Each structure stands twice: as structure tokens, then as C-alpha cells.
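Sequence order for the protein chains is E and F.
Counting the first sequence from 1 gives a position; the deposited numbering is that position plus 246.
Counting the second sequence from 1 gives a position; the deposited numbering is that position plus 246.
To start, the structure under review is shown below, and the notes come after it.
Protein chains: 2
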Amino acid sequence: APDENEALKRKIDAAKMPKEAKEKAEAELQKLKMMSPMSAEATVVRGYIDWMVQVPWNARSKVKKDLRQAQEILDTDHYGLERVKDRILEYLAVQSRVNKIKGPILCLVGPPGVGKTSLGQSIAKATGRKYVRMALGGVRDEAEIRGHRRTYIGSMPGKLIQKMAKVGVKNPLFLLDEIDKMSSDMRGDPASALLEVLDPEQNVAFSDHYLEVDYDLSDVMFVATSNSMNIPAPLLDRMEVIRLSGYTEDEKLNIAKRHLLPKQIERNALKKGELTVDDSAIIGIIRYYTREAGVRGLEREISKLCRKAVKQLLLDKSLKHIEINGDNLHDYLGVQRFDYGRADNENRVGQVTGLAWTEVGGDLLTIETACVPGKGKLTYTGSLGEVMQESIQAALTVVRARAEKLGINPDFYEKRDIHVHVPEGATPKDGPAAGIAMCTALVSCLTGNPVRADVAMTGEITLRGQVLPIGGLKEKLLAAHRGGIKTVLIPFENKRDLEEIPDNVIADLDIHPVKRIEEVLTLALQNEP
Amino acid sequence: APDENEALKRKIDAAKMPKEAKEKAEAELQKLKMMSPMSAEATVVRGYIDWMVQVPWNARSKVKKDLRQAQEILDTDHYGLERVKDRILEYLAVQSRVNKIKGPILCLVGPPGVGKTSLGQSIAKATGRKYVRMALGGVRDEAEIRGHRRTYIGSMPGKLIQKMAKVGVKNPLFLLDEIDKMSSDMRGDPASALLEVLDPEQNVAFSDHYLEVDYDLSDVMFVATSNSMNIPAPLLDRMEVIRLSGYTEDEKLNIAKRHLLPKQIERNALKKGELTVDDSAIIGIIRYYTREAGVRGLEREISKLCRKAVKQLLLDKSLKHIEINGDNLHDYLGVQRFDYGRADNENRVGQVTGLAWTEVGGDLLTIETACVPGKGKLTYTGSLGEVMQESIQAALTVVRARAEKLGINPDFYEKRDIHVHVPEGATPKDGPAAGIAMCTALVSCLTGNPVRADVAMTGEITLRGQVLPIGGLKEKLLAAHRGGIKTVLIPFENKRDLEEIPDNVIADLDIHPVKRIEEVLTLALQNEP
Numbered sequence: 247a248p249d250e251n252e253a254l255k256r257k258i259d260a261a262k263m264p265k266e267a268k269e270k271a272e273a274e275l276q277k278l279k280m281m282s283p284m285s286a287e288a289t290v291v292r293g294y295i296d297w298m299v300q301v302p303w304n305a306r307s308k309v310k311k312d313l314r315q316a317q318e319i320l321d322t323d324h325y326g327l328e329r330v331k332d333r334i335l336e337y338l339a340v341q342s343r344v345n346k347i348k349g350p351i352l353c354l355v356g357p358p359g360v361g362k363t364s365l366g367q368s369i370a371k372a373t374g375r376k377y378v379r380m381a382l383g384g385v386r387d388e389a390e391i392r393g394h395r396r397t398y399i400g401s402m403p404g405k406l407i408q409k410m411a412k413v414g415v416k417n418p419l420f421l422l423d424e425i426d427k428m429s430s431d432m433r434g435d436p437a438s439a440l441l442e443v444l445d446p447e448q449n450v451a452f453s454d455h456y457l458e459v460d461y462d463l464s465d466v467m468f469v470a471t472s473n474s475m476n477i478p479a480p481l482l483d484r485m486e487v488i489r490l491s492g493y494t495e496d497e498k499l500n501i502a503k504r505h506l507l508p509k510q511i512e513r514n515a516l517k518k519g520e521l522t523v524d525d526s527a528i529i530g531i532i533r534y535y536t537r538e539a540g541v542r543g544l545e546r547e548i549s550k551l552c553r554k555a556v557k558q559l560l561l562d563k564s565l566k567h568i569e570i571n572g573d574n575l576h577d578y579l580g581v582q583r584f585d586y587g588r589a590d591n592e593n594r595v596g597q598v599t600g601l602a603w604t605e606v607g608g609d610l611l612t613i614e615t616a617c618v619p620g621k622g623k624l625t626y627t628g629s630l631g632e633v634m635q636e637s638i639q640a641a642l643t644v645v646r647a648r649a650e651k652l653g654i655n656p657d658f659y660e661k662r663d664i665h666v667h668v669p670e671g672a673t674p675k676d677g678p679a680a681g682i683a684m685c686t687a688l689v690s691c692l693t694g695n696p697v698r699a700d701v702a703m704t705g706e707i708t709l710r711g712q713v714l715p716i717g718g719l720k721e722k723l724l725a726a727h728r729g730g731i732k733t734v735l736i737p738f739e740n741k742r743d744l745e746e747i748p749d750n751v752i753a754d755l756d757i758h759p760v761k762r763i764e765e766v767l768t769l770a771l772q773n774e775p
Numbered sequence: 247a248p249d250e251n252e253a254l255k256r257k258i259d260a261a262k263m264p265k266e267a268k269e270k271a272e273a274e275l276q277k278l279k280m281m282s283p284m285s286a287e288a289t290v291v292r293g294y295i296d297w298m299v300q301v302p303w304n305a306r307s308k309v310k311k312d313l314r315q316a317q318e319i320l321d322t323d324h325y326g327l328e329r330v331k332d333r334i335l336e337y338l339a340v341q342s343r344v345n346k347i348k349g350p351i352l353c354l355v356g357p358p359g360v361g362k363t364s365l366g367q368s369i370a371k372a373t374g375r376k377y378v379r380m381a382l383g384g385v386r387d388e389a390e391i392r393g394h395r396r397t398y399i400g401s402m403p404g405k406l407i408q409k410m411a412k413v414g415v416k417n418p419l420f421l422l423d424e425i426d427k428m429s430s431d432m433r434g435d436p437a438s439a440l441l442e443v444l445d446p447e448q449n450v451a452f453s454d455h456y457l458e459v460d461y462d463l464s465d466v467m468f469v470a471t472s473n474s475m476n477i478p479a480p481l482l483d484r485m486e487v488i489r490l491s492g493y494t495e496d497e498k499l500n501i502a503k504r505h506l507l508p509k510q511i512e513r514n515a516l517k518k519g520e521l522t523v524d525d526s527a528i529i530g531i532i533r534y535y536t537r538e539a540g541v542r543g544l545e546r547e548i549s550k551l552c553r554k555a556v557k558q559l560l561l562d563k564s565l566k567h568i569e570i571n572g573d574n575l576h577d578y579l580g581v582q583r584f585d586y587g588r589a590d591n592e593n594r595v596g597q598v599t600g601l602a603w604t605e606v607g608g609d610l611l612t613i614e615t616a617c618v619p620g621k622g623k624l625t626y627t628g629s630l631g632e633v634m635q636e637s638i639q640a641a642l643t644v645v646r647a648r649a650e651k652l653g654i655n656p657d658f659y660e661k662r663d664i665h666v667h668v669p670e671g672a673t674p675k676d677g678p679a680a681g682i683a684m685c686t687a688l689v690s691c692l693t694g695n696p697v698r699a700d701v702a703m704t705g706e707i708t709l710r711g712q713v714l715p716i717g718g719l720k721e722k723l724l725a726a727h728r729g730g731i732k733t734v735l736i737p738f739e740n741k742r743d744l745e746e747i748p749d750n751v752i753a754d755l756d757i758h759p760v761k762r763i764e765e766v767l768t769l770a771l772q773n774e775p
């Protein structure tokens, strides 16, 4: 009745609306023409009108059809990686026929600190669609994806509806960040709602608590990102998992010299000829200032270098240029915090270096064994399961069978207790891939032979001394390369897998395929036995 | 229609307003010109008009561009500390180019009782911007940062809008105190609103429940303060953490003689020649009247001294001056409440002194061990986790391996139960840094050798008797210095960290870098074994 109800009514006629939009517009019209000073009644309908005007329809982004431009765009996002972009291109080709996905959503998984956001932005630019993000981590209620009931003012729509209202296109690139961090603790499981907004048979008629009228969401492209492969079962359908990994020394150096350095220089309001960093400084930072698979440490170090350089040049008008090399780098970072190289490790007896497979990239572990006098009981530490128990039992049996050859007293399992400690045993690794490590440590404790340093080993063991194949050799090799380990012992059956590993990692490490316990004991111990 | 609606209308024309302000002014104008006796209708619009007139725009504080004056101002806030002010200067330099932050917010963390508010005021004075504070602790609803819905009178804007209305400048220094104390229990998580008011891409169009019209907040500089590093994940982005620590004896003495004493003298309405306190009294107060990292105890003691001196001089007209020294100090404070020095500690066997890393500064702990007759079960007290369990297991294994050398009966773990008590085990310390302490206490209980007093130790242990490096050596050294401990045992790998500790702390303590359990057992026990 008042003037407000008139102006709002115009917002319904000044915007073109399809059948569903016309239906919600008619509903709002029936809800309009009422008293404007009505507390919590006119404001909610006004907000609904604004949302409808903001909801996209009869308009979309010009989606590109050529694939060459998509490849050229994907080649300049972070580094290219020559591995994941190819898969992306494949998906684009499958989508180069119709506007209907009818399949996966190109899910990305890997350790944090990689080009996930960069890949999403590159895909948005290649597809010619607007970019929009939404975080799935920490979500535990359906009230986060969907809105509230059609009631008094304050019942704002869900995050998805808000993002769609802000992005006035019917075919945007909706990114789903931290899908593995989503939980279900407030109102059932919100995964169902996600399915309703992701399944091509349900997104066309997706209904919201506030926007009860069905909205067409089949043209919206969705992309999910995660850190681990522990994606909920209902969210695993219609999804393709693409695993990402770390980078090598030269790869990280090129990445830093291509985008990290220019971005940090432009962010700190620096000039083109104010700071010059060579490759020696970056190498020193990667070797003694960061230990990870991503480039977060490099970014933080470059930011600190830029800030310190700006402060030093500002307080000294006589300084015209600042150059940081591999020698004065410490002057801006301090004492080194990490060690590179195992040449001066002073090889020990009870300690063994092994490779561990982790969902965020493999790492290095130092397993220990203690053989003290007792009655023969077995003790283990590191939150190990039954698999580790049977593996230790098999290793003990192998040691008992080869004690005569190794010079071990056959009565060691009767008058001496064994305690095996495996640090970070709760790693997301299904299977006791450290059998050879524990066996070598046991042989060392019983014989006193120090385990040769700068040597890494991983793989399963049997009761007859045979080595079984394992998975995730790329991550373990990358971890050994970052840790400065040159000698790596892997099972023989995994030799055929080396053909799928780039030469940049194999040319730096010395791999020796083994299949028996005697070969690992000969190549790992300092002496012959 | 009435006279009121006329006067209020003038407040809309007498103030210059930008596009957004003109939009909200037009909205209020449409809401004005109505009946003034309308209950809860004219008062709310009048309040909105007053808020708009108070909201700053087209006016700002003269921000300074020089850095020398900023350093001179930061050198007279509390003490200078020569550590944090430098970082502040760096930030200022980064902000000495444009009025856009586009980065961190200079978050400060440390134990309570330090110059946090003083640092904020000094930054406000150096930047030439008005000072304003707002407490984030105890906030659990978005209705605290933002206002209420546009409804009947009483729906006042949020705390932020009120602070901005009181401070008539577009670029003020908004301080965020107690960011770690903020929770989420009433209406979702208010952190999101904070992001909307802190993210440079959202503060430019920050909308409020009462002030629904977007307001530009990109020129407002924000600074956060906290006690612990447990900052919520969403509030950690675009933030730089700067850790603060305690002060030494001479540092606290200079701080008291520079600002604490004059402030307390001026607050108690004292004259220049009425009270004279020497350094002996301050030293005695710091040694026997307060045990903390801040200067709260010193402030309280000086306040009590000033009050007692005023009362004594007022009731005695024959007294012309009051002088308090290190001898008569007790006459105004009573009997000493704390003990300084471990020379007369009467070294015990079952007790061991260790250093503990805490988010509010390290402290001293007295770990105990009891070896009673039993079956060999292990018991622990102090709310310890699995890390402490594995550490105690490793220590027990080391003791079992060195029992013959230490003169311990090898059957102690079979006929005797061990109970380890670690007071305040719930400290925010990730890792069993008290391995050497528990091992020494166990060796003492089994051998009866009293642990030498005036000795502190901390560090990780392994199954082979090796000591691993730890973090937070500065806090532990400061705690040992305050407690009067001269002998401190730290891991050998942490020796390179001593170069980052000032000489005022190393010159008072006797540090002995160790790497094996035998060295700690020899330097900690009274006898040789």
C-alpha cells in the first residue's frame, strides 16, 4: 500500500524472468502490497526481491570452445606441471561438445601449498566463465549451504545463493575448497544438499529454505579441492580424483623466479631495479629454511627478504640497490634451521632411516630398536596396529632363522626383550612398509653393526626373507631427495614403476632394486654381516 | 510533517556526503517527514540521522610519511625492547607508499602485563591517526560487531560503528584487544563479520544490520593483540604474529624508574620531592614480591608504596620527606612472599627441577618420581598424554640398559612399581621436553643419589640416550633467571640458537650444552653415578 511497495513492485517488472523466476516473482507480489512499517515483514520481502534481481538468468558468460587457448592459459598458471593440466585438458575436451557435464567435477587433491587456487583461476579463464569461491571446511549444518525458512527478516539465503547472486551469470565456476574438512555435527549431514546442488538430475530443480522455488543450476560448473583422499562416500560419486605432488629443487627455483618473486616484489611496493635475488639465495632457502612439498616457506622467506630490504633501503638514502646472494642471505634470515645432507650423520646402530607414505607427501622417519636383557617380551611404541605386530613377528622369525649366518646368539629371543619405536606410526599408510627397516635395526642391535648413513629403505617383508612391492614410490623418492639421501632401497617388483617417474628425481638418487633380506642387509650395514 | 522532521532534515543538508552517504541520506529522508509522535518510529530515524552525521567521511587524520619521527616515538612508549619496534618500523615502511594495507594487521602476542596498549598508542601517535580501542574478548554474537535490524528504536549499531561515529576520521587506528578470547556461542561465528571488516576486498563495502548501506572502511588501519597463539583459523589470514616476552632484572628496574614510578607518583597526587625510591627497593620487590613476565606486580607494589607514603606523611606534619630503601621496604609491604635463589634448597632425590614452555612465558616445574615395591606397573599424574607415556617408556628402557653402569638392580622393573608426577602437565607444550628430568629422577629413585639443586634441565630423549633439540629456549632461560637458577642443561643441537639470545640473559646463567644421557647424569647428580 505505501510508496515502498510500489518501488519494489517495479523491480519485478524491470527484470526479465523465466517460468520459475516468474513463479517466485508472483509469490513475492502476493507477499508485497502490504504495510511497509510492518516490522520483520517488509524488510524480508524487500531482501527477497533484491536477491531475485541479483539471481542470474537469461544471461551467461561466453564459454570458449577452442582448446589451444585453454592449454596456453593453463601453461602460465603456476608452472604447468605437465601432468595435471593434461587431465584438465581431457575434461575440457569432453566438455567441448555440450554445456552439460554429466560426469565428474575435476576434484584436486594434494599437500597444501600447491597451485590449487591458481589452477581454479586458470580453468575459469580458459573456460571464459566468472570465478567464484566457497569454502566447504568447517561446514556442519545444512543452514550453511541452504538458507533459512521463509520467515521474519534475517533469514538470509545460503552461501551458494549469495555467491550466485553476486556473480550475475548462469554458468559460473563454483570452487569447493576443503571438501575433506567438512563434517556433520549440527543438522544431519549437509552432503545431501551438496548432492542436490551437484547431481545433474537434482541441480535443475534445486530448492532452498528461503528460495523455495526451484532454480536451474545444471549450467553451473563445480570444482572441488582437498588435501587428503578421505572424501565422504556420498560426495565421492560423480567425481574424478587428480592427485598432486611436490616439486624438485630446479622446479621450485623456476617457480620462485617466475611468479613468487614478481608477486612478492609487486606486493611490497618495490621497483624493478630495487631488489635482485640470484639462484643461490633461493637454493639456500629451500635447503636450510623450508622442508615441505609446497612453496609456502619460499613465499614467506621472500616476503621477509622484501620487507627487510625495503626497511634497509628506506633508512639509508645512500643505498641505490640491494643484492642478496647465497652468502649474505643469512644476514636477512639468521641462523639456518634445517640440515641438508647425511654425509656427516655419524652412522648409528639402533637407528634406521626409512621412507613413509603420507597423504600430504612422503617423509623421512628414524625407527629405533632396543635389545635389553629380559625374558623375551615384545614392546612397540608409536601407536602401531596389528599389521605392525605381525610384521615385527615376521622380522623376528627371519632374524631367528638367519642368526647363525649373522652371528647372533640363538637364545636372544629367550633372555632379551625387544622394544621397537616407530615415530609417527599413525601416518595414513595402510601396510607395514617399514619391514626391512625394523629387520635391519634388529640385526644391528643384536650384532652391533652400525647402519650406513645416507641410505633409505621401505618395503614389505615375508617369513622367508622376500620383499613385497609397495605403493607411493614417487612421494618417497621426493622425500629422500629433499632430505639429501642418495642411496634408496626399494623392492624389486616396483622397478617397473620407475618408468613413470621423471628423470629429474631418478638422476639425483641412487636406487637399488632388491628382493631378498640379504641384499638389504649387505647394502645397508657397514660390515658384511 | 511536524517541526522535528524539519530540523532533522537540516542535518542532512548541513553535512557533505559521498555517493553511499547520499544514498543512506535519501533513505532516511524517505523515512522522515512522517509523524513525530510516532512511538519507536521518529526516535529511531533521529538516531540514524545522528549516526550518519557522526559517521566520518570527507575528513581524515594527517597521516605522517617520515619514518625517523616514528622511530623516535616508538623509542619512548614503554622501553623500546629493540626487537618488536623494529618489526613495527618495517611495517610502517611498507605502508609509507600508499594508504592501502593489502596485507597483515600487525598482531601482537605475549604474556599479559607488557606494553601492548602502549605499543598501540605509540603506533597511533607515530602514524598521526586518532586512537580508538575495542575489546574482542567475550564476544560470541554478530550483534556485537554489527548492529540490529532496521526496526523500532533501541536497535543501536554495532560497537565498530559506534567507535567510528565517535572518532570523526576515515583512517583511525582500530585496536582489537583479546582476539584469542573471542568465542562463537550465540549466533554462528562472528569471525566472518570481522573478516568482512578486515579484508580489503570486503571492508570497502561493509554492510551493517542497522547501517545497511555499504560504508568504505579500506582506509581504517586495524591492529590485533592477544595472549596465546591460539588464534582462530579464519582470523589468521592477512595477519602477522609478533611475539613478546618478559624482561630481565635491569630491564624491569629501568622500566620502573622511567615510567612506572612517575606515573604512580602523578596518579597518587604526589609532589616531586615527596617520595624517593632507590634501586634496592625495586630489586627487592622484583625478587621477593612478584613472579611474572610483565610489570603488573611492580605497578601494584609501587601504588601501595605511594598510598602508604601519602597516608603516613599526611598524618605527620613533622615529616618532610619519605625515603624507602632495600631495608625498610618490608615496613610498607610486610613479610616476603617469594624465595630467590636455590643455594639453600637442600637438594632432594625424588625431585627434579625442569623448565616448561608456556604460551605466556616459560616457568619452573618440580617433577617427582616414586619407586615403590610392586609388580612393575607404570603410573603417571599431571594430566599427561600419549607423548609422555612413550617418553617415560623410552626413559625406562634407557635406565634398564644402563642399570649395570649406574648400579641399579636389573629386576627393578619386575618387582617395583613406578609413579611419575609432573605438575602442570597440561601446559601448552607440544612434546615431552622433560625427558631428561624424568630419567634423572628415575635414576635417583633407584640409586638414592640426590639431584644437585640450583640446576635446570629440559629436552627430548631417545632410546639410545641421545638428546633432541627443543624450542622456546628464550622463555626457559628467562624463567631460570627469574627463579635464581644458575646451572641450566640444554640440548647440544640448540647451541646455535644461543646466538639469538641477548647477553643480559646468558651472562647470568651457566649453560652447558649436552647431547647424551651420561653428561646430564654426571652434571646433575651429586655423586659420579
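Think of the CB as a built atom: it goes at the ideal place given N, C-alpha and C, for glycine as much as any other residue.
The DSSP assignment places complete beta strand (DSSP E) segments of no fewer than 3 residues inside the region 362-416 of chain F at 377-381, in order along the chain. Looking at the DSSP output, F:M703 shares a beta bridge with F:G600, F:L735. By a beta-carbon distance limit of 8 angstroms, E:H667 contacts E:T627. Their separation comes to about 5 angstroms. For F:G705 against F:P674, the beta-carbon gap comes to about 18 angstroms, at or over 8 angstroms, which does not count as contact. Annotated three-state conformation of F:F658 is helix, per DSSP. Here the C-alpha atom of F:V378 lies approximately 53 angstroms from the C-alpha atom of F:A770.
Beta-bridge pairing by DSSP links F:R762 to F:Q712. Taken in chain order, the complete alpha helix (DSSP H) segments of 4 residues or longer contained in the region 287-317 of chain E are 288-300. By the 16-neighbour rule on beta-carbons within 10 angstroms, E:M432 is exposed. Closer than 7 angstroms to the CB of E:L560 there is at least one CB belonging to chain F. Chain-order list of chain E residues neighbouring F:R396: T289, by C-beta distance under 8 angstroms. Using a CB distance cut-off of 7 angstroms, F:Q639 counts as an interface residue toward chain E.
Rounded to whole angstroms, the Cβ separation of E:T471 and E:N750 is 26 angstroms, and the two are not in contact under 8 angstroms. Here E:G608 is actually not in contact with E:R662; their C-beta atoms are around 33 angstroms apart, not less than 8 angstroms. Distance check between E:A725 and each of E:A647, E:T768, E:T599 places E:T599 closest, using alpha-carbon atoms only.
At least one CB of chain F lies nearer than 7 angstroms to the CB of E:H667. At a cut-off of 7 angstroms between C-beta atoms, E:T627 counts as an interface residue with respect to chain F. About 6 angstroms separates the Cβ atoms of E:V760 and E:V713, confirming a contact at the 8 angstroms cut-off. With a threshold of 7 angstroms between beta carbons, E:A515 makes contact with chain F. Uninterrupted beta strand (DSSP E) stretches at least 3 residues long and entirely within the region 543-577 of chain E occur at 568-570, given in chain order. Close partners of E:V581 in chain F (Cβ separation under 8 angstroms): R742, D743, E745, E746. CA-to-CA, the gap between E:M380 and F:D435 works out to about 16 angstroms.
In the DSSP annotation of this structure, the continuous segment of the beta strand (DSSP E) that includes E:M467 starts and ends at 467-472. Here F:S368 is buried, its C-beta having at least 16 other C-beta atoms within 10 Å.
One thing to note: E:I707 has its Cβ within 7 angstroms of the Cβ of E:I682. In chain order, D700 place their CB closer than 7 angstroms to the CB of F:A589, counting only its own chain and leaving out the 5 sequence neighbours on each side. In the three-state scheme derived from DSSP, where H, G and I count as helix and E and B as strand, F:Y534 is classed as helix.
Classified as buried, E:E390 has 16 or more neighbouring CB atoms from the shown chains inside 10 Å of its CB. Here DSSP, grouped into helix, strand and coil, assigns E:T686 to helix. Less than 7 angstroms divides the Cβ of F:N417 from the Cβ of F:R306. Along the length of the region 621-646 of chain E, whole beta strand (DSSP E) runs at least 3 residues long occupy 624-627, reported in chain order. F:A288 has its alpha-carbon roughly 9 angstroms from the corresponding atom of F:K279. For a cut-off of 8 angstroms, the C-beta gap from F:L320 to F:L490 is around 14 angstroms, too long to register as a contact.
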